[PDB]
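Novice: Protein chains in written order, with the entry's author numbering: chain G, 14 to 118; chain C, 16 to 118; chain E, 39 to 135; chain A, 38 to 134; chain K, 1 to 73; chain D, 28 to 122; chain H, 29 to 121; chain F, 25 to 102; chain B, 20 to 102.
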Amino acid sequence: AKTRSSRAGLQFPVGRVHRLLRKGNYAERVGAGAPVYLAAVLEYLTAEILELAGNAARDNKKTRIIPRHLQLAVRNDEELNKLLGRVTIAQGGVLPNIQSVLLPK
Amino acid sequence: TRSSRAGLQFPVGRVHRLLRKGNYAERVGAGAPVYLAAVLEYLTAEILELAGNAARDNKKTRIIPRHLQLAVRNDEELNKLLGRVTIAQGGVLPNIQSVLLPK
Amino acid sequence: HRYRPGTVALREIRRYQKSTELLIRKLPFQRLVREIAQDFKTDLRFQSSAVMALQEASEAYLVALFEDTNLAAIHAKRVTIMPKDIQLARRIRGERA
Amino acid sequence: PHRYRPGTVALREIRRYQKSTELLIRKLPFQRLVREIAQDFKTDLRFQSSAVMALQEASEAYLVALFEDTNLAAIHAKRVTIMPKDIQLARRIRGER
Amino acid sequence: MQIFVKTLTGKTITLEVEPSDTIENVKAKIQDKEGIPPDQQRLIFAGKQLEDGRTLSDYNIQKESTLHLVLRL
Amino acid sequence: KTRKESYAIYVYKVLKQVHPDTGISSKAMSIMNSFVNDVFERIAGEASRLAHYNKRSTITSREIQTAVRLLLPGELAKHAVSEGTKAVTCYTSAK
Amino acid sequence: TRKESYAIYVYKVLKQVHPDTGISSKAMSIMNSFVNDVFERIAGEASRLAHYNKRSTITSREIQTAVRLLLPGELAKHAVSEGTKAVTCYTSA
Amino acid sequence: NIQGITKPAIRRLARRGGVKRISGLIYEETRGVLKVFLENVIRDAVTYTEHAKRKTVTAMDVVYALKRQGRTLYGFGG
Amino acid sequence: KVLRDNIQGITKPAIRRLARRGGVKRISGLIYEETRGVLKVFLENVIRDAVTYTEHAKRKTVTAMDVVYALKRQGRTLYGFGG
DNA sequence: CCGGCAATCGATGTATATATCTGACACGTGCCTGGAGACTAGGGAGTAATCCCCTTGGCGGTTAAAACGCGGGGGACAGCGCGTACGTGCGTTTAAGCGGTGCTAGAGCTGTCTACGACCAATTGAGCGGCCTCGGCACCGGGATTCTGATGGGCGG
DNA sequence: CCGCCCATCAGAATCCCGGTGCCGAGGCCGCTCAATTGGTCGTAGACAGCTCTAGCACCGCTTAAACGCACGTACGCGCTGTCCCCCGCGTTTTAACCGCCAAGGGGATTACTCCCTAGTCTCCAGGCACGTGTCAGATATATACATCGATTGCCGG
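1. Taking a cut of 8 Å between CB atoms, which residues from the stretch 70 to 95 of chain G lie near chain B?
2. Output, in chain order, the set of chain A residues within a Cβ distance shorter than 7 Å of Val-107 of chain G.
3. In chain order, what residues of the stretch 57 to 78 of chain H put their CB closer than 9 Å to some CB of chain B?
4. Tell me the rounded alpha-carbon separation between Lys-113 of chain H and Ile-124 of chain A.
5. Just by C-beta distance, which residues in the stretch 44 to 66 of chain C are closer than 7 Å to chain F?
6. Select from B:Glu-53, B:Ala-33, B:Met-84 the residue whose C-alpha is nearest the C-alpha of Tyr-80 of chain D.
7. Assuming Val-65 of chain B and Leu-103 of chain A form a contact by the criterion Cβ under 8 Å, report the distance between their Cβ atoms to the nearest whole angstrom.
8. Taking the DSSP output, what are the residues bridged to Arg-42 of chain G?
9. Taking Cβ-Cβ distances below 7 Å as the criterion, which residues of the stretch 35 to 57 of chain H are in contact with chain B?
10. With distances taken from CA atoms, which of K:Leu-73, K:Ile-36, K:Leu-67 is nearest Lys-6 of chain K?
11. So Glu-16 of chain K is in the alpha helix (DSSP H); what residue range does that whole segment cover?
12. The stretch 39 to 63 of chain A: which residues have C-beta closer than 8 Å to a C-beta of chain B, in chain order?
13. Return the residue from the list G:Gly-46, G:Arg-99, G:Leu-116 that minimises the CA-CA distance to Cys-117 of chain H.
14. Could you give the DSSP three-state label for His-68 of chain K: helix, strand or coil?
15. Just the C-alpha distance for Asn-73 of chain C and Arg-63 of chain E, rounded to the nearest angstrom, thanks.
16. Measure from the C-beta of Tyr-88 of chain F to each C-beta in chain D and report whether the shortest distance is under 7 Å.
17. Output needed for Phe-100 of chain B: all residues of its chain with C-beta closer than 8 Å, excluding positions within five of it in sequence on either side, in chain order.
18. Is the beta carbon of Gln-24 of chain G closer than 7 Å to that of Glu-64 of chain G?
19. For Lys-59 of chain F, would you say it is in contact with chain C, using Cβ-to-Cβ distances shorter than 7 Å as the test?
20. Rounded to the nearest angstrom, what separates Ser-33 of chain H and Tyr-50 of chain G at their Cα positions?
21. Measure the Cβ-Cβ separation of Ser-57 of chain D and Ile-79 of chain C and say whether it is below 7 Å.
22. For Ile-36 of chain D, count neighbouring C-beta atoms within 10 Å of its own C-beta (all shown protein chains included) and say buried if the count is 16 or more, exposed if not.
23. Please list, in chain order, the residues of the stretch 23 to 44 of chain G that have any C-beta partner in chain H closer than 9 Å.
24. On a Cα-Cα basis, can you pick out the residue from A:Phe-78, A:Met-120, A:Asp-106, A:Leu-60 that is closest to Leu-49 of chain B?
25. I'd like to know whether the C-beta atoms of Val-45 of chain D and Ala-60 of chain C end up nearer to each other than 7 Å.
26. Could you spell out where the alpha helix (DSSP H) holding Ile-44 of chain K opens and where it closes?
27. Taking the alpha carbon of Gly-42 of chain F as the reference point, which residue from C:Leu-116, C:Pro-117, C:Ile-111 has its own alpha carbon closest?
28. By the DSSP assignment, the beta strand (DSSP E) with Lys-6 of chain K in it spans what residues?
29. On a CA-only basis, which of E:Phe-67, E:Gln-76, E:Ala-98 is nearest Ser-86 of chain E? Give me that one, please.
30. Using a C-beta cutoff of 7 Å, does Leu-70 of chain A count as contacting chain B?
31. What residues from the stretch 61 to 72 of chain B come within 9 Å of chain D, judged by C-beta to C-beta, listed N to C?
32. For the stretch 53 to 61 of chain E against the stretch 101 to 118 of chain C, are there 3 or more C-beta pairs whose distance is under 8 Å?
33. If we ignore side chains and look at the alpha-carbon of each, how far apart do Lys-122 of chain E and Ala-78 of chain H end up?
34. Report the option in C:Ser-18, C:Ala-40, C:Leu-115 whose CA atom is closest to the CA atom of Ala-111 of chain E.
35. Can you look up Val-95 of chain D in the DSSP assignment and give me helix, strand or coil?
36. Of the choices K:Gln-40, K:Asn-60, K:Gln-49, whose alpha-carbon is the least far from that of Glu-110 of chain D?
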């Protein structure tokens, strides 16, 4: 155990997050566990979005993920939709939706 | 004092201290507090002028939050600036849709 | 005598658009606030100023919502406001998904 | 002579354009319009291609959302045609001056 | 066409000048109507200090515009 | 009884400069205090972000001017910029 | 000049979640922007929290309260669990 | 206790909003929307209170929560 | 070179395509002029902010970072063009 | 013996299967810059103890608001008719898009040196808390003015 | 001759005036702590110079998209009738609001300590720029299936 990420068992960097915290003009001092907490949270959110996007990509018989799959993943989940409410994803598109009145009878 | 040198009413030293102990940047220049104090005093004077006119309209000698609300809501620039702000004990502007009025 | 319908309504519109008082009784609002807060955490206390601020914010929110509802009702060639107008206003504003 | 009834090709186009992701505006006219607009604030300016691309993406997203709100407002008034008053109502309720 | 000059004392005065009028002429009018000497007045418009040799049309000062007067001692 | 600071005296001085015979109540004073604090925070945050973008360690009058231009709309920005420039010039001239 | 980014860590997370899919170049840019945005939001809220209570340090309590304030209902619980587990593991080792 | 928000109070709020005629089903909707708004604000305020290790909710917590939601409120110490 | 008339380059079929992506079936004939006005207002605001950002940095070229910063300032975040 | 309803059938649009190639994604290498290990010094934050202030809980009364009922007029909704504006299609015209070519303005990097901001110490006056006093504003009673709706009247189909 | 439009009355409703009182705003005094002045030092940033890159301008050719015109239909808008449901008013109930009293919990301050974080130096390895191979996906072609709208047959009035 040499790096801090290995000690915490993460994939995201702890030292880089600590450096960004210390130079972003946020507070006079930064505690030891704050980078660990922040890195864990960021890794969790990334994992959630990537899992949903990968399922969407598989639904289309595709291998690689494109911004369309990210847009489909975000817009179909309530929590992610609330979080990314005022965000525009480039080359994303829209969810297919037609009002019931316009359909033929 | 620095306000006397700049010919202002608002405090320059206090603004400088607030800038330095607010975690905004590593260093703060000499003219930034002067500029900021001047701008703040100008905005205060504008709002107070409008509110005082509103207070005089109602035959009153003291300004109350209703007068501040009337001053802010009747000016386009101030309404744009304070667009998402609620003033306590302020009220609303009188406005009735023309469709609801009797024929 | 008797006033025709719609007159006293306009009188109340004029009267309440000029005052600045609070339009909801204080004890019911206090009770509602306490029972709402008891879900997130029990054994809690409130300053009087906290309840006053809550009442002011909620009243302003409701008044603005009713203004938008009246606009939506007028758009549909009506003078009566209906729940669908509230739903349309909330949906367009962004609160309702 | 084969001919479709009104409203069929409209639904087909709705289905087509809600499934793709390309830009729906020609690039040269938009570039010219952006340069003309920017000429008011400061002359002899230059633009990266990425700047114009980002501007186009933002504009298209804004217009699409506005049209969705306009469609909702039009349906609220028991109609299928969108009209300028629907655009005005949506913009007013959204808070845009 | 008419413009408004603001002083540090909150006093706003009205001036009747022309688009082709130079800043020196505007100044001369301000002394005539207020008694303030030529050397002491500094004019600020849109964050820029005006030059006596320039005209009002040079700085795009339109009708009912406002300029801030600075006294230099 | 810990000392608590505010902007009351300066607001009253400005008011007496504008309307020589006019008072103010306590609630209006609270509202004015909140307004001044809010505008201060907005301008300071915008200037700090501007300094961060261009890789600078100092906040200068240029950052304040650009923040005022970005935040204040219309003629408010013009008049505020003129006032700030005049104040800075007067401060520099005097010593 | 060297330019740093989150690409490698995002790719490692993806290979851990879906070990067969890939990612394109624009999706990587979107993910980078997302990570930066969330980082800035949480850090700003934590700094404001520390300023309110007259403290000169940022600890894990500020981060926990920040993620409780920002993240919606069901995301917050799992995020808090992950952060607490990571901090406990770091302290133990 | 949501029924303590009586129908005449809602009518007075509507009058201040400029509404002339009111349907009979508006009061239930108004109660629901008010409850949702209060729940959000009170949740945020209680979180702010618990971070400070206090057992009393102050006006500062309410002001901070409202500012977080995007509704600044003047006149209570902001 | 100063150019005008360029708002008419946003043709009627393009606005129709945008409406189709918006889910609209029938369009009145007066929608296009108002759409042009709305687009003009939006572009004016964003471009003003971007130019302010550019001139603070003493540059003669508008970059994508300035556009992203302006859009974030107006409360419209955009993912993909850096940031 | 036609009308409405339901079952065909041709045209058309869209999804599916099969090479083909190509530009983009995934992997391999050097180095250099930032992160980790070890140690020291100091101040920020935790902990304990006091105090007194504000919040909670209970009691009595009074009176103003709320709840309930009734009668009626106006508005909401459904149905019908008309006419015009918008959708679908076709032939013609235009400019967007692609592919090169050249040129130059300007963005980005590097070295220097200097003025500007931080830090430290002593001093002193501006601003905050506490106390008083009086005048602007709230309250009550009375008169004046203003709409508003019923009543009488006049008129034209 | 009678339904529709117009002028005129009393009656609540809001407002203005005058007298009374009373509580909050404006002013004054003492102290303390934060802003001012003077001096020293280090580095952040302005300035000059050079390099190369990407943004701008011009030309030629294709062809797909835009534009103009015609025809028909289906949707929007206006009118009419009804039916019921909100509004205005009167009576009875209830509980909010005000005043008063009492107790105790917890918020705010102070003193002390210790341990967690910053700062310094050394060392080394992880991540970024660069370069290369190959395969996932876009393209072109052929084909099968679903859908829509006109045609026609059948039960029924």
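Backbone N, C-alpha and C define an ideal beta-carbon position, used for all residues, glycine too.
Specialist: The relevant details are as follows:
1. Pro-80
2. The count along the first sequence starts at 1 and reaches residue 107 of chain G at position 94. The answer, in chain order, is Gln-55, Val-101.
3. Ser-57, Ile-58, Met-59, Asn-60, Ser-61, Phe-62, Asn-64, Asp-65
4. Position 85 of the seventh sequence, counting from 1, holds the residue named residue 113 of chain H. Position 87 of the fourth sequence, counting from 1, holds the residue named residue 124 of chain A. So the two alpha carbons sit approximately 51 Å from each other.
5. none
6. Residue 80 of chain D sits at position 53 when you count from the first residue of the sixth sequence. Measuring from the Cα of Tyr-80 of chain D, the nearest candidate turns out to be B:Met-84.
7. Along the ninth sequence, one-based indexing puts residue 65 of chain B at 46. Along the fourth sequence, one-based indexing puts residue 103 of chain A at 66. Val-65 of chain B to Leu-103 of chain A, Cβ: 15 Å. No contact.
8. Looking up residue 42 of chain G in the first sequence gives position 29. Bridge partners of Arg-42 of chain G: H:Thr-85.
9. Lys-54, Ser-57
10. Here residue 6 of chain K is taken as the residue at index 6 of the fifth sequence, counted from 1. For the residues K:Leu-73, K:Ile-36, K:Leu-67, the minimum Cα distance to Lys-6 of chain K belongs to K:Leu-67.
11. Position 16 of the fifth sequence, counting from 1, holds the residue named residue 16 of chain K. From DSSP, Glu-16 of chain K is part of no alpha helix (DSSP H) but of the beta strand (DSSP E) over 12 to 16.
12. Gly-44, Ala-47, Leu-48, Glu-50, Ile-51, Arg-53, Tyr-54, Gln-55, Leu-61, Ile-62, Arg-63
13. Taking the first residue of the seventh sequence as 1, we reach residue 117 of chain H at position 89. Comparing Cα-Cα distances from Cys-117 of chain H to each of G:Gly-46, G:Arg-99, G:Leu-116, the minimum goes to G:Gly-46.
14. Your numbering for residue 68 of chain K matches position 68 in the fifth sequence. Strand at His-68 of chain K.
15. Position 58 of the second sequence, counted from the start, is the residue given in the question as residue 73 of chain C. Position 25 of the third sequence, counted from the start, is the residue given in the question as residue 63 of chain E. Between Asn-73 of chain C and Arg-63 of chain E, the C-alpha separation is close to 29 Å.
16. For the purposes of this step, residue 88 of chain F is taken as the residue at position 64 of the eighth sequence. With 7 Å as the cut-off, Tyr-88 of chain F does not count as an interface residue toward chain D.
17. As a first step, residue 100 of chain B is located in the ninth sequence; it is residue number 81 there, counting from the start. Taken in chain order, the residues that qualify are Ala-83, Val-86, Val-87.
18. Working through the first sequence from its first residue, we reach residue 64 of chain G at position 51. Working through the first sequence from its first residue, we reach residue 24 of chain G at position 11. Not closer than 7 Å, so no.
19. In the eighth sequence, residue 59 of chain F corresponds to position 35, counting from 1. Chain C, which has no Cβ nearer than 7 Å to the Cβ of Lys-59 of chain F, makes this no.
20. On the seventh sequence, residue 33 of chain H is found 5 positions in, with the first residue counted as 1. On the first sequence, residue 50 of chain G is found 37 positions in, with the first residue counted as 1. For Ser-33 of chain H and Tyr-50 of chain G, the distance between alpha carbons rounds to 20 Å.
21. By one-based count along the sixth sequence, residue 57 of chain D stands at place 30. By one-based count along the second sequence, residue 79 of chain C stands at place 64. Not closer than 7 Å, so no.
22. Here the question's residue 36 of chain D lines up with position 9 in the sixth sequence. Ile-36 of chain D is exposed by the Cβ-count criterion.
23. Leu-23, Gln-24, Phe-25, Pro-26, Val-27, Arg-29, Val-30, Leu-33, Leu-34, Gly-37, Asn-38, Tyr-39, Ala-40, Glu-41, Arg-42, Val-43, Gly-44
24. Walking along the ninth sequence from the start, residue 49 of chain B turns up at place 30. Answer by Cα proximity: A:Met-120.
25. Your numbering for residue 45 of chain D matches position 18 in the sixth sequence. Your numbering for residue 60 of chain C matches position 45 in the second sequence. A contact, by the Cβ cut-off of 7 Å.
26. Mapped onto the fifth sequence, residue 44 of chain K falls at position 44. Unbroken run through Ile-44 of chain K is the beta strand (DSSP E), 41 to 45; no alpha helix (DSSP H).
27. Reading the eighth sequence from its first residue, position 18 is the one you call residue 42 of chain F. Comparing Cα positions, the closest option is C:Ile-111.
28. Counted from its first residue, the fifth sequence places residue 6 of chain K at position 6. From DSSP, the beta strand (DSSP E) with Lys-6 of chain K extends over 2 to 6.
29. The residue given as residue 86 of chain E occupies position 48 in the third sequence. Per the Cα distances, E:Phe-67.
30. For the purposes of this step, residue 70 of chain A is identified with residue 33 of the fourth sequence, where counting begins at 1. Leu-70 of chain A counts as touching chain B.
31. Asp-68, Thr-71, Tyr-72
32. yes
33. Residue mapping note: residue 122 of chain E aligns to position 84 of the third sequence, counting from 1. Residue mapping note: residue 78 of chain H aligns to position 50 of the seventh sequence, counting from 1. So the alpha carbons of these two residues sit roughly 44 Å apart.
34. Mapped onto the third sequence, residue 111 of chain E falls at position 73. Minimum Cα distance to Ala-111 of chain E is reached at C:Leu-115.
35. Reading the sixth sequence from its first residue, position 68 is the one you call residue 95 of chain D. Three-state result, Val-95 of chain D: helix.
36. Taking the first residue of the sixth sequence as 1, we reach residue 110 of chain D at position 83. For the residues K:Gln-40, K:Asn-60, K:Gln-49, the minimum Cα distance to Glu-110 of chain D belongs to K:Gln-49.
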